[PDB]
Amino acid sequence: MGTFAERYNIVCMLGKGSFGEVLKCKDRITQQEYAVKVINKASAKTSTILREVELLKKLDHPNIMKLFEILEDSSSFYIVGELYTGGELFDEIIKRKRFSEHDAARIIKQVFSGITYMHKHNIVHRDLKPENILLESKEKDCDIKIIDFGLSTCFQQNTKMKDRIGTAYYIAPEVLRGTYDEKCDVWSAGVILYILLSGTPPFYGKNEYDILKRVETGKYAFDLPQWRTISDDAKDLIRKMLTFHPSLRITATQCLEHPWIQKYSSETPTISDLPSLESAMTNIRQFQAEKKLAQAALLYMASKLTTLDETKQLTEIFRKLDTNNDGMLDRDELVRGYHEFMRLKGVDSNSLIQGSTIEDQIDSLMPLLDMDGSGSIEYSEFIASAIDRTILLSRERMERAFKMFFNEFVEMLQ
Ligand SMILES: Nc1ncnc2c1ncn2[C@@H]1O[C@H](COP(=O)(O)O)[C@@H](O)[C@H]1O
Ligand SMILES: [Ca+2]
Ligand SMILES: [Ca+2]
Ligand SMILES: [Cl-]
Ligand SMILES: [Mg+2]
Ligand SMILES: [Mg+2]
């Protein structure tokens, strides 16, 4: 475990939910701010708790809440995560009341990418709804972040503190029968998508009694007038997600790959991205030239101590390279991105041999950037190798890296 009070100062409260309370805290050395969920230990239901929390920490996906550490004192567990300032997707729906097909697809693609990644890691959300999706900031096209999952097996929730009425719109019919498989998240995501495009829940009613009665029948329609102005492709995706029988309901990956999603997720590099692509390429080569000790040390600092404001350019590059929208870079995506980079420069990729091809270059690189051997370059691995090492050289950040384990320490990093 570890000592929370030594490392962090509590600044203010941010919210209260089912499992505990969420506060803003500040790292005493770096002054970097974080969100911390504080859970009373008597609420447990600590060895297996830390084991399941460890899996949560290693989730590394741009649309999933990022957790940095779990600390403990005599009364509480502290789960310290990235701080998001844009509020709940719920509030954005209220303000806009509904979204263009282009805007809805961009939002729901991120939900699909996050849920796919969760399911591949054997995690079911079980309460997916707009109140549990935060915007990372107030910036226009910012990433959304799925929150509020993973603790239901280890800790006792207070049913009162959860917004039951809100949840009811979103629950799959099999949940009313005691079932919580992966497919229930797909149904909830389909309710979200229905709402993004129409502004209205597909299963609706005055109060919770009428809503749940409609959920149990599974019956919904595209009868509202605004559905006449919405494409058949979007309706086809919704019909596949809101299938009554979970066995016939499509998977999250099939959601992510649906043609309607692909049409509006064509982000690809352009001439204006060349400065940052060139920046990323130089830093990656330097990273791939440093020894296994330096590399693992750099990954640790980039993934835990960098800020959203410092990774924003690299996050846009990552998204443009991520052709299949799953929030990870596979071998072919790096090869294609390399080819696109050269094309944008006006350079024939065959000039490289005069001393190997893009394909040989990437295949030699994959074992060095995929430090965890996952088969793909996750977000934190890309940032660590592509970030300018200069920003990681902050004295405060070195101080924090040291304290987690000095004059010699600083030189070794340098
Ligand atoms: N990472 C975060 N950044 C900012 N606010 C958060 C974060 N996590 C939770 N919150 C706030 O705390 C509330 C309850 O959190 P939760 O119990 O995880 O649903 C959320 O609805 C947000 O208002
Ligand atoms: Ca990908
Ligand atoms: Ca990996
Ligand atoms: Cl949490
Ligand atoms: Mg205490
Ligand atoms: Mg919540």
# chains A, B, ... in the order shown; residues from 1 in each chain; ligands from 1

$ closest_atom_pairs --of "chain A" --to "ligand 2" --cutoff "8 Å" --atoms "only C-alpha atoms and all ligand atoms" --output "tab-separated table"
residue	atom	partner	partner_atom_place_in_ligand_line	distance
A:321	CA	ligand 2	1 (Ca)	7.6
A:322	CA	ligand 2	1 (Ca)	4.3
A:323	CA	ligand 2	1 (Ca)	5.5
A:324	CA	ligand 2	1 (Ca)	4.7
A:325	CA	ligand 2	1 (Ca)	5.4
A:326	CA	ligand 2	1 (Ca)	4.8
A:327	CA	ligand 2	1 (Ca)	5.5
A:328	CA	ligand 2	1 (Ca)	4.3
A:329	CA	ligand 2	1 (Ca)	4.4
A:330	CA	ligand 2	1 (Ca)	5.7
A:333	CA	ligand 2	1 (Ca)	6.7
A:376	CA	ligand 2	1 (Ca)	8.0

$ residues_around --residues "residue 26 of chain A" --least-positions-apart "6" --cutoff "9 Å" --atoms "only C-alpha atoms" --output "PDB file with N, CA and C atoms, in the first residue's frame"
ATOM      1  N   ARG A   7       1.668  12.291   0.218  1.00  0.00           N
ATOM      2  CA  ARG A   7       1.854  12.680  -1.167  1.00  0.00           C
ATOM      3  C   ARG A   7       0.868  13.742  -1.654  1.00  0.00           C
ATOM      4  N   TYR A   8      -0.305  13.860  -1.041  1.00  0.00           N
ATOM      5  CA  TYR A   8      -1.373  14.642  -1.630  1.00  0.00           C
ATOM      6  C   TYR A   8      -2.034  15.529  -0.592  1.00  0.00           C
ATOM      7  N   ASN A   9      -2.484  16.689  -1.054  1.00  0.00           N
ATOM      8  CA  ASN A   9      -3.334  17.596  -0.291  1.00  0.00           C
ATOM      9  C   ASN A   9      -4.725  17.591  -0.919  1.00  0.00           C
ATOM     10  N   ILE A  10      -5.753  17.484  -0.083  1.00  0.00           N
ATOM     11  CA  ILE A  10      -7.135  17.566  -0.540  1.00  0.00           C
ATOM     12  C   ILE A  10      -7.495  19.033  -0.752  1.00  0.00           C
ATOM     13  N   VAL A  11      -8.055  19.355  -1.909  1.00  0.00           N
ATOM     14  CA  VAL A  11      -8.380  20.731  -2.269  1.00  0.00           C
ATOM     15  C   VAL A  11      -9.858  21.019  -2.108  1.00  0.00           C
ATOM     16  N   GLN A  32       0.498  19.082  -9.409  1.00  0.00           N
ATOM     17  CA  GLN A  32      -0.473  18.538 -10.344  1.00  0.00           C
ATOM     18  C   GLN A  32      -1.727  18.069  -9.608  1.00  0.00           C
ATOM     19  N   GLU A  33      -2.878  18.378 -10.178  1.00  0.00           N
ATOM     20  CA  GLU A  33      -4.154  18.051  -9.562  1.00  0.00           C
ATOM     21  C   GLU A  33      -4.718  16.743 -10.110  1.00  0.00           C
ATOM     22  N   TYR A  34      -5.467  16.060  -9.250  1.00  0.00           N
ATOM     23  CA  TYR A  34      -5.992  14.734  -9.521  1.00  0.00           C
ATOM     24  C   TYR A  34      -7.360  14.604  -8.881  1.00  0.00           C
ATOM     25  N   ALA A  35      -8.119  13.613  -9.352  1.00  0.00           N
ATOM     26  CA  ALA A  35      -9.356  13.190  -8.709  1.00  0.00           C
ATOM     27  C   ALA A  35      -9.063  11.936  -7.895  1.00  0.00           C
TER      28      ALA A  35
END

$ closest_residue --among "A:404, A:235, A:298, A:169" --to "residue 387 of chain A" --atoms "only C-alpha atoms"
A:298

$ closest_residue --among "A:394, A:113, A:311, A:374" --to "ligand 3" --atoms "only C-alpha atoms and all ligand atoms"
A:374

$ closest_residue --among "A:274, A:301, A:145, A:371" --to "residue 346 of chain A" --atoms "only C-alpha atoms"
A:274

$ residues_near_ligand --ligand "ligand 4" --cutoff "9 Å" --atoms "only C-alpha atoms and all ligand atoms" --output "list in words"
residues 19, 22, 36, 37, 38, 53, 56, 65, 67, 79, 80, 81, 147, 148, 149, 150 and 151 of chain A

$ closest_atom_pairs --of "chain A" --to "ligand 5" --cutoff "7 Å" --atoms "only C-alpha atoms and all ligand atoms" --output "Markdown table"
| residue | atom | partner | partner_atom_place_in_ligand_line | distance |
| --- | --- | --- | --- | --- |
| A:73 | CA | ligand 5 | 1 (Mg) | 5.1 |
| A:74 | CA | ligand 5 | 1 (Mg) | 4.4 |
| A:75 | CA | ligand 5 | 1 (Mg) | 3.8 |
| A:76 | CA | ligand 5 | 1 (Mg) | 6.0 |

$ write_last_selection --atoms "N, CA and C atoms" --output "JSON list (two decimals), in the first residue's frame"
[["chain", "number", "residue", "atom", "x", "y", "z"],
["A", 73, "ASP", "N", -4.96, 4.01, 4.18],
["A", 73, "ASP", "CA", -4.58, 4.38, 5.55],
["A", 73, "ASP", "C", -5.48, 3.53, 6.46],
["A", 74, "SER", "N", -5.55, 3.87, 7.74],
["A", 74, "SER", "CA", -6.28, 2.98, 8.65],
["A", 74, "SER", "C", -7.78, 2.97, 8.36],
["A", 75, "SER", "N", -8.33, 4.04, 7.78],
["A", 75, "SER", "CA", -9.77, 4.11, 7.55],
["A", 75, "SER", "C", -10.20, 3.89, 6.11],
["A", 76, "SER", "N", -9.35, 4.14, 5.11],
["A", 76, "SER", "CA", -9.85, 4.29, 3.75],
["A", 76, "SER", "C", -8.86, 3.80, 2.71]]

$ atom_distance --atom1 "atom CA of residue 83 of chain A" --atom2 "atom CA of residue 162 of chain A"
20.9 Å

$ closest_residue --among "A:373, A:166, A:114, A:17" --to "residue 207 of chain A" --atoms "only C-alpha atoms"
A:166
